[PDB]
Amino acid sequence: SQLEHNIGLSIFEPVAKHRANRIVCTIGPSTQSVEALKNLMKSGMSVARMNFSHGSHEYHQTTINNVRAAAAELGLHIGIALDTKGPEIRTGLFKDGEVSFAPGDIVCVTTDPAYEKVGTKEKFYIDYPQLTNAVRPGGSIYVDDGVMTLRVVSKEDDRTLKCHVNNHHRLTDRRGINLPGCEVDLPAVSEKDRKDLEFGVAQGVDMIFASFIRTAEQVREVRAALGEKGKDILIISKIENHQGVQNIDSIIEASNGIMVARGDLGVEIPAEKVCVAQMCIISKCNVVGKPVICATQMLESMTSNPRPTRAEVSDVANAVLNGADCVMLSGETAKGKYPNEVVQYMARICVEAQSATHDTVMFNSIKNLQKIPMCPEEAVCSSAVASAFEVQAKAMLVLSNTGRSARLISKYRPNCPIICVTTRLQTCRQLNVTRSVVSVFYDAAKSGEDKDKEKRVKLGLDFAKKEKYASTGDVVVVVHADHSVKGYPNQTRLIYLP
């Protein structure tokens, strides 16, 4: 039981030597230089996130180039994520660049772009032209991470609502608007998004973080926008509104993975319900073996402070205990004063939660929910994890070309590293969002076809030794095909490191 497992926990034992969970860092001014990126990577970054809510194509191109240069110097394969703007709504600019409101201030909000630059305490612009169809008198507009709310008093006309300010708040340029409980019908892929996505394909990004996904159909729109050359790019759908939560099953089935995007989510639904959504969404991803990211304000105070709060540490640990493959940093690394240190904390907290995890519970819980009969590769991958537990294997080794088999092993939550020997660099980069996996590139064009698997297995076992996963005489669980079968692994071996 969890209770019995808990009472046996010790703060005095060694922690796991190899961190299983993965860290996604958002790049910005704190962290864009090749040197800053190197330090992020050394610190524990596996995936660099570009937030296309801001910055030009040239800015992000600098990010892309600097990431690749940093990773090449270190000999790492780092994933690159493009995080779409999507159907964001914002205020315009203000006179002087801030204005201040008191509870009871009457204020007009207007869709008329004439006011975009010159917002004031009594009138300012919101960049959503259908505003007055979307929110009626009596409705509420949420401003600036939902910190300030306006009750709509009346509709002055098709361009303008008169609003009552409900609480005190200071407002600066271009803050976020949310309209929970309104008919908001913006595309999942705007014209801006489409060009962004095309740019991502041209530049070979590994994955898309698709903002505000509401439906399976929207996932398919993102896939269509990525077009012929973007077919192998992962789509990680971000769940950040009511409807995305409602439609979680079909959204998961359509996507390659999920981000619990807790920032918008906690404004779109009551903040206290995010803790339940998170648990639900993460576990649904674990059951089907698709990567899941927990995001937003995880170590927030370390944007300014050299140490996190007690709540922030527990948040990171519990996202790991919940089942999340990855945990994410936004402003902490994009613009914070302690980018390296915040990644380093996050890494240490991950390893602690990982060592606190009751090792076979996830394996059994996930196994028990799978439909029988399995396909053979799933029976192989799950039974290979069971073998690993049985012999206390210090590593597993899998050949995977698309990544599918590495993800299938990771689905069953082994307690040791999964060394994946892959023939694709992109697979190395994409498997960064998958718990436990460490990728090694085998260049088939250069080294030969390796039909009998022996070159790739050697590469994997030498890597296991060199990187101090295991030594001579240690048993390793090795998964791939026999000499005939093509398309999936049908074989497991147990092998002593030579």
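Only the largest set of C-alpha atoms that superpose within 1.5 Å between the two forms is called the rigid core. All residue numbers refer to positions in the sequence shown, first residue = 1.
> How do 141 to 149 and 198 to 206 compare in 5 other deposited structures of this protein: which one has C-alphas farther from this form after the rigid core is matched?
With the rigid core fitted, 141 to 149 is the stretch that strays more in 5 other deposited structures of this protein.
> To spell it out: superpose each other structure in 5 other deposited structures of this protein onto this one by the rigid core, compute Cα RMS over structures and residues for 151 to 159 and for 208 to 216. Which is larger?
Of the two stretches, the larger average C-alpha offset in 5 other deposited structures of this protein falls on 151 to 159.
> Looking at the deposited entry, does 305 to 313 or 126 to 134 carry the larger mean Cα B-factor?
Taking the mean B-factor of the alpha carbons in each, 126 to 134 is higher.
> Which is higher on mean Cα B factor in this entry, 385 to 393 or 242 to 250?
Of 385 to 393 and 242 to 250, the stretch with the higher C-alpha B-factor average is 242 to 250.
> For the CA B factor values reported in this entry, which option in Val343, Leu93, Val267, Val205 has the top one?
Within the set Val343, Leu93, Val267, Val205, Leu93 shows the top C-alpha B-factor.
> Between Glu183, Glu272, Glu377, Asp325, which carries the biggest CA temperature factor in the record?
Of the candidates given, the C-alpha B-factor peaks at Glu183.
> Would the CA B-factor of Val15 place it in the lowest, middle or highest third of its chain?
It falls in the top third of the chain.
> Can you tell me which third, lowest, middle or highest, the CA B-factor of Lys486 falls into for its chain?
Middle third by C-alpha B-factor.
> Using only modelled residues of the chain, where does the Cα B factor of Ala319 rank: lowest third, middle third or highest third?
For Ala319, whose C-alpha B-factor we compare with every modelled residue in the chain, the answer is the lowest third.
> Among the chain's modelled residues, which third holds the C-alpha B-factor of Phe363?
Within its chain, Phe363 is a lowest-third residue by C-alpha B-factor, going by the deposited values.
> Using the temperature factors of the C-alpha atoms in this entry, rank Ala470 within its chain: lowest, middle or highest third.
For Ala470, whose C-alpha B-factor we compare with every modelled residue in the chain, the answer is the middle third.
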